[PDB]
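Asker: Input: one structure, supplied below.
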Ligand SMILES: NC(=[NH2+])c1ccc2nc(C(O)(O)c3nc4ccc(C(N)=[NH2+])cc4[nH]3)[nH]c2c1
Ligand SMILES: [Ca+2]
Ligand SMILES: [Mg+2]
Ligand SMILES: [Zn+2]
Ligand SMILES: [Zn+2]
Ligand SMILES: [Zn+2]
């Protein structure tokens, strides 16, 4: 997250860190047994870590659980990143508490203008590499589809939305990938892609979760 702030330990209790020997992507807990992340974060051998704040120190509120299965969206296109969402089932159900909680899926989509909270342990430098150990947060509004499409002509589909600042300076970045974009209490987006990070007129692009609620509900009930 570039231009964000330190969230504070466990202030984003539905945030997960996907680890395959090191943190490589974020995710969101939707119920005690399932996590939603991005399909471009797909790997074999994933351990999900809940209750994290400093991912390099065992501070006492973590739960490390292995995934039993991953389901990448059936229509995910790795070239365009369209339908960039994946579901991960945990081997054991997580114990939910104040520090580990699930986020709700949306009943409708959110309007341009709505402020959201984006978080993750991704890169914090636009030009450079600096990876934080504690969770970083960023509040950004959803941008109109028109400014999103002008920034990325022919690359935006109806399953994506941009959020951010056109002036640059604040954005999610690699490492934040798969993470949550929560607006008004609902998980509205998944950190998906962008052109570098925090560049002027290059906002972040997020998977539009409201278009996948029936697929998610059906998939988890049948697995
Ligand atoms: N080595 C790894 N463990 C790793 C993990 C995730 C990655 N994801 C990318 C990316 O290159 O695919 C990537 N994910 C992005 C998310 C947001 C923005 C943005 N808002 N500017 C840009 C991004 N670039 N490379 C990655 C490398
Ligand atoms: Ca920790
Ligand atoms: Mg994240
Ligand atoms: Zn990138
Ligand atoms: Zn990359
Ligand atoms: Zn990524």
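In the authors' numbering, the protein residues as written are 16 to 34, 37 to 67, 69 to 125, 127 to 130, 132 to 183, 184A, 184 to 187, 188A, 188 to 204, 209 to 217, 219 to 220, 221A, 221 to 245.
C-beta atoms are modelled at their ideal positions from N, C-alpha and C, and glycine is treated no differently.
1. For the stretch 46–61 against the stretch 113–122, are there 3 or more C-beta pairs whose distance is under 8 angstroms?
2. Do residue 16 and residue 194 have their beta-carbon atoms positioned less than 8 angstroms apart in this structure?
3. In whole angstroms, what is the alpha-carbon distance linking residue 234 and residue 99?
4. I'd like to know whether the C-beta atoms of residue 86 and residue 108 end up nearer to each other than 8 angstroms.
5. Helix, strand or coil for residue 107? Go by DSSP, reduced to three states.
6. Return yes when the Cβ of residue 183 is within less than 8 angstroms of the Cβ of residue 225, no when it is not.
7. Per the DSSP calculation, residue 41 is bridged to which residue(s)?
8. In terms of residues, what are the limits of the alpha helix (DSSP H) holding residue 241?
9. Going along the chain, which residues of its own chain have a beta-carbon closer than 7 angstroms to the beta-carbon of residue 95, five neighbours each way excluded?
10. Indicate the three-state DSSP secondary structure (helix, strand or coil) for residue 153 in the structure shown.
11. Is residue 57 close to ligand 6? I mean its beta-carbon at under 7 angstroms from any heavy atom of the ligand.
12. With a Cβ-Cβ cutoff of 8 angstroms, do residue 104 and residue 122 count as a contact?
13. Could you pull out every residue in the same chain whose Cβ sits closer than 6 angstroms to the Cβ of residue 148, ignoring the five residues on either side in sequence?
14. Between which two residues does the alpha helix (DSSP H) harbouring residue 169 extend?
15. Return the chain-ordered list of same chain residues with a C-beta closer than 7 angstroms to the C-beta of residue 154, the five sequence neighbours on each side being excluded.
Answerer: Checking against the coordinates, here is how it stands:
1. The stretch 46–61 vs the stretch 113–122: in contact.
2. Reading the chain shown from its first residue, position 176 is the one you call residue 194. Reading the chain shown from its first residue, position 1 is the one you call residue 16. Cβ distance < 8 angstroms, so residue 194 and residue 16 count as in contact.
3. As a first step, residue 234 must be located in the chain shown, where it is residue number 212. As a first step, residue 99 must be located in the chain shown, where it is residue number 81. Straight-line spacing of the CA atoms in residue 234 and residue 99 works out to 15 angstroms.
4. Position 68 of the chain shown, counted from the start, is the residue given in the question as residue 86. Position 90 of the chain shown, counted from the start, is the residue given in the question as residue 108. It is a contact, given that the beta carbons lie within the stated cut-off.
5. For this step, residue 107 is matched to residue 89 along the chain shown. Here residue 107 sits in strand by DSSP.
6. Looking up residue 225 in the chain shown gives position 203. Looking up residue 183 in the chain shown gives position 163. Closer than 8 angstroms, so yes.
7. Here residue 41 refers to the residue found at position 24 of the chain shown. Paired residues: none, contrary to the question.
8. To locate residue 241, count along the chain shown from 1; it is residue 219. Element bounds for residue 241: 235–243.
9. As a working note, residue 95 is residue 77 in the chain shown. Answer for residue 95: 101, listed in chain order.
10. Residue numbering aside, residue 153 sits at position 133 when the chain shown is read from its first letter. In the three-state scheme derived from DSSP, where H, G and I count as helix and E and B as strand, residue 153 is classed as coil.
11. The residue given as residue 57 occupies position 40 in the chain shown. Checking the Cβ of residue 57 against ligand 6 gives yes.
12. Residue 104 sits at position 86 when you count from the first residue of the chain shown. Residue 122 sits at position 104 when you count from the first residue of the chain shown. Contact check for residue 104 against residue 122 fails: the beta carbons are separated by 8 angstroms or more.
13. Within the chain shown, numbered from 1, the residue matching residue 148 stands at position 128. Cβ contact annotation for residue 148 (same chain, cutoff 6 angstroms, sequence separation greater than five): none.
14. Within the chain shown, residue 169 is the residue found at index 149, counting from 1. Per DSSP, residue 169 belongs to the alpha helix (DSSP H) from 165–171.
15. Against the chain shown, residue 154 aligns to sequence position 134. Correct list, in chain order: 21, 71, 72.
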